[PDB]
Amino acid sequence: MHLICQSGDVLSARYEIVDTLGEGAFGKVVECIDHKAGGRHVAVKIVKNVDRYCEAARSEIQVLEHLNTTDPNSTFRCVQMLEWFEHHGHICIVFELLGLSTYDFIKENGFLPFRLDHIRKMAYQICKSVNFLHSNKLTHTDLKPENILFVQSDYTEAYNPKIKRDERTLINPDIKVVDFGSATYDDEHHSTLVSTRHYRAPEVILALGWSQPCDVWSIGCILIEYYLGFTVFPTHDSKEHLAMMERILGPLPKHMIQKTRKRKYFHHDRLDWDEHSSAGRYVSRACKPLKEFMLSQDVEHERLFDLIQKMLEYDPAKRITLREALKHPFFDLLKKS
């Protein structure tokens, strides 16, 4: 992989590598000068030569040709793919250049949460963009802070004596959504497993089928991370996740516990869980009812926490849609002149 990129390398006799932006399971994204587009800077994703990622990359291109044709102005803030190509048998996708991820900024800002007026603007653009997928019979399936990128990443730094550390604040918190490698059409085959551990919806964990709603869950989880600076679901393990869900959101619905073919996770009608074990005590300590995480009782926090609660509905049918989410009172303050 690194054998196929170094600063100075030229790709498709067009793109000159100046910087690695970041790496991942997929491969790496590099910043390039495009010599045949007036020296415009672009991001190029170089995909690991594994069929798994090869397949993912190829569908990502078909989804983005679709989204780009449907929204040529990029009004719904999906990342714009400019073109793609092959370099030593690795698939390469060229995008408009974006800054670092909402995850990166949190991490670099000392794992501090975003301030609320930024969460509102970011939550809206995430909901508008992902709803545009939902309007076009697509589910992203893999929403997480890492896959939400800032257009501009520039920030001011200032010492907050409220928290006794230096705090970084975005100038422009505008975001776009990336990684359509896992995006599935309503008419296409649905994988048994989708989404990253912490942002997996309960319908997905319990193998009850999934669709647009499994995205709304993930967003719910994103907005908590932004509010706190850490996930409220810190775990790799499936059963542990449901146990944390139970402590924060309350008991799983009767019908979902009934219908699930993953009966490994249940003992009659309750989660098969020794609360007095390694994972057990950890959950009792690390989790509490959702509303006990609110840092303020200010009206603006409660209306955010009402949306998060609506997004974390256990039943995907009842679960608020993003068309409704965009109407929620939390966003009234964006629409005031």
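Numbering starts at 1 and follows the sequence shown. C-alpha atoms forming the largest set that superposes within 1.5 Å between two forms make up the rigid core.
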Worksheet entry | Rigid core superposition result in 7 other deposited structures of this protein, more deviant of 298-306, 40-48 by Cα | 40-48
Item to complete: Please work out whether 196-204 or 173-181 has the higher root mean square C-alpha deviation in 7 other deposited structures of this protein relative to the shown form, with the rigid core as fitting region?
Response: 196-204
Worksheet item: Going by the B-factors listed in the PDB entry, is the mean over the C-alpha atoms higher for 286-294 or for 270-278?
Response: 270-278
Worksheet item: In the PDB record, does 261-269 or 169-177 carry the higher mean Cα temperature factor?
Response: 261-269
Fill in: Residue with maximal Cα B-factor (values as given in the PDB entry) among 89, 220, 99, 145
89
Discussion item. Highest Cα temperature factor in the entry, among the options 237, 225, 215, 203: which one is it?
Written reply: 237
Item to complete: Looking at the entry's B-factor column for C-alpha atoms only, identify whether residue 185 ranks in the lowest, middle or highest third of its chain.
Response: middle
Worksheet entry | Record-listed C-alpha B factor of residue 163: chain third | highest
Worksheet entry | Position of residue 65 among the chain's modelled residues by C-alpha B-factor, lowest, middle or highest third | middle
Worksheet, complete the sentence: Assert third(CA B-factor, residue 119) within chain per record equals lowest
Worksheet item: According to the PDB entry, is the CA B factor of residue 157 in the bottom, middle or top third of its chain, that is, lowest, middle or highest?
Response: highest
